[PDB]
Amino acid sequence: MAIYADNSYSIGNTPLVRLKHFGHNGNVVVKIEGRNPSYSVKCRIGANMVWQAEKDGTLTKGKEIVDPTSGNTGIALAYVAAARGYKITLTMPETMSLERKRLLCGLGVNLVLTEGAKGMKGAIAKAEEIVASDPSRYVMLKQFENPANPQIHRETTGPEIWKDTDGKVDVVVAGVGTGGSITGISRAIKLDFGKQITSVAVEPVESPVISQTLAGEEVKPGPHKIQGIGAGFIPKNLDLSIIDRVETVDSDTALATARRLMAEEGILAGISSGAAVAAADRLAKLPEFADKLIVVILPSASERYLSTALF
């Protein structure tokens, strides 16, 4: 029975592992989203954004996916496009790593390398240009605003946490990129299962736009090394209404924490996994949370970060 018709259907059912060298008496548990078809949390939204676009007729045989990304979402949409028979063009300029170019090329992406000077702005503008060229042939799935992003987390990630913890989860800590994870999970546990948990968004202290927004302060994004989070704006797919707390973490600490997960826990965590753990560790050691079960999303795996400051 349990044979997936293609790799997209195999998303999720990722395990919870209790940490030994973080938290207090095992109150911190991590969900290993690296255990996915293309090795990140984004595999879930790659799958669901394609499936939803199919069900609503925005994606059909012959139409071609376009997206300005080279990160986890790009890899996720690439595997799904390959599995389901879509061409996909990802736009990212020329300054991207040879490794990622090779990985996406390996996955069969039509790579369009924009002007380096234009950076993310260049790549986005170029994605938009190709949709323009034939809007009935190209489709941008728009991870930052597409509801199919948080919805998959509400249907899979959140219920998996509920079931795996026998409903004992008290706190969910998740870094925010698109906001889909924390949103979907929070909706599931709070609204579908009815438990009043503490939802904790994590962002870089270098670019704490959620914290600034909620404090009514000037939004001042900044550069940081915590790949995957800290986009420098509030994404539409972050439901601020379900966020109970925002924890800020600095790049150095996130990196050191990822290294500790590897060397001390034997968990091959990515950089943003280090950020989420450091934030969860801080809450875990406040007496208010010490008899509470804290579940932390670890979005990606270490080997995706070999060229990075992680190593």
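All residue numbers refer to positions in the sequence shown, first residue = 1.
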- prompt: Between 263-271 and 64-72, which has the higher average C-alpha B-factor in the PDB entry?
  reply: 64-72
message: Regarding 135-143 and 157-165, which shows the higher C-alpha temperature factor on average in the entry?
response: 135-143
Candidate set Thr198, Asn237, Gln212, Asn110 [ranked by C-alpha B-factor, highest]: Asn110
Candidate set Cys105, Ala78, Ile229, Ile185 [ranked by C-alpha B-factor, highest]: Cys105
query: Which third, lowest, middle or highest, does the CA B-factor of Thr58 fall in along this chain?
result: highest
Chain third (lowest, middle, highest) by recorded CA B-factor, residue given as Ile294: lowest
- request: Ordered by C-alpha B-factor within the chain, which third holds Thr91? Give me lowest, middle or highest, please.
  value: highest
message: Could you place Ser300 in the lowest, middle or highest third of its chain by Cα temperature factor, using the values in the record?
response: lowest
- request: Give the position of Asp170 by CA B-factor within its chain, expressed as the lowest, middle or highest third.
  value: lowest
